[PDB]
Amino acid sequence: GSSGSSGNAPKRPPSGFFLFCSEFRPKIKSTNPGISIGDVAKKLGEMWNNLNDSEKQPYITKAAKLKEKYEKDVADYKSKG
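Residues numbered from 1 in each chain as written, not as in the entry; some residues may be left out. Heavy atoms only, no water.

Listed under the method field of the entry is solution NMR.

Have a look at this one:
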């Protein structure tokens, strides 16, 4: 399955893995001639694992800030009290 988001409800925050994939996507698309989405995906997935626990460190912390901003929006959305 896929993890997306509806219209009303806010979109889910990216993951240290994605943030990097979206930042590295530009290169791949600039290095490979009209690379198919499927191709870029296969590359990213690998590039991620390749990285070290020290390389993702600065990539995971960034996602932490995106979660603090999401939760807030997620709460208001629902009518708890």
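Next, the rest of the story.
## Focus on the overall build of the chain
Along the chain, the regular secondary structure elements total three helices and zero strands. When the elements of the chain are put in sequence order from the N terminus, they spell out α-α-α. For a compact globule of 81 residues, the expected C-alpha radius of gyration is about 12 Å, and the chain comes in at 16 Å, more than 25% above that figure. Projected onto its principal axes, the C-alpha positions of the chain cover 50 × 30 × 20 Å. Counting all 81 residues of the chain, 19% fall into the buried class. A total of about 6600 Å² of accessible surface is found on the chain, and carbon and sulfur atoms cover 49% of it. On the chain, the mean spot of the 15 positive side-chain charges and the mean spot of the 9 negative ones are 4 Å from each other. (Helix = DSSP H or I, 4+ residues; strand = E, 2+ residues; numbered from the N terminus. Rg over C-alpha atoms; globule rule 2.2 N^0.38 Å. Buried < 20%, exposed > 50% of the residue type's maximum accessible area, 1.4 Å probe, protein only. Areas by Shrake-Rupley, 256 points an atom, 1.4 Å probe, with all protein chains shown as cover. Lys, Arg positive; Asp, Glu negative; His and termini not counted. Charge placed at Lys NZ, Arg CZ, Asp CG, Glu CD.)

## With respect to helix α1 (residues 16–31)
With 16 residues, α1 ought to run about 22 Å at 1.5 Å a step, and its terminal C-alpha atoms sit 23 Å apart, in line with that. Along α1, the sharpest change in direction is near 35 degrees and occurs at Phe24; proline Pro26 comes one to four residues later. Listing the buried residues of α1 in full gives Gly16, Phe20, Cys21 and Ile28. Packing partners of the buried residues in α1 comprise α2 (37–50) and α3 (57–77). (Expected span 1.5 Å × (residues − 1). Bend = angle between axes of the 7 residues up to and from the residue. Contact = heavy atoms within 4.5 Å.)

## Let's talk about the packing of aromatic side chains
Tallied over the entire structure, the rule returns four aromatic pairs. Pairing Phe20 with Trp48 gives two aromatic rings, centres 6.0 Å apart and planes at 55 degrees, and the pair type is tilted. Here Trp48 lies in helix α2 and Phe20 lies in helix α1, a separation of 28 residues in the sequence. The exposure class assigned to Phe20 is buried, which follows from its relative accessible area of 1%. The class of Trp48 is buried, set by a relative accessible area of 16%. Ring-pair connections join several aromatic residues into one group, and the members of that group are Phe17, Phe20, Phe24, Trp48 and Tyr59. The aromatic ring of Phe24 is capped on one face by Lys27, whose charged end is 4.0 Å from the ring centroid. The ring of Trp48 carries the charged tip of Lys56 above its face, separated from the ring centre by 4.3 Å. (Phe/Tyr/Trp six-rings, centres within 6.5 Å; stacked < 30°, edge-to-face > 60°. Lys NZ or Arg CZ within 6 Å of the ring centre and 35° of its normal.)

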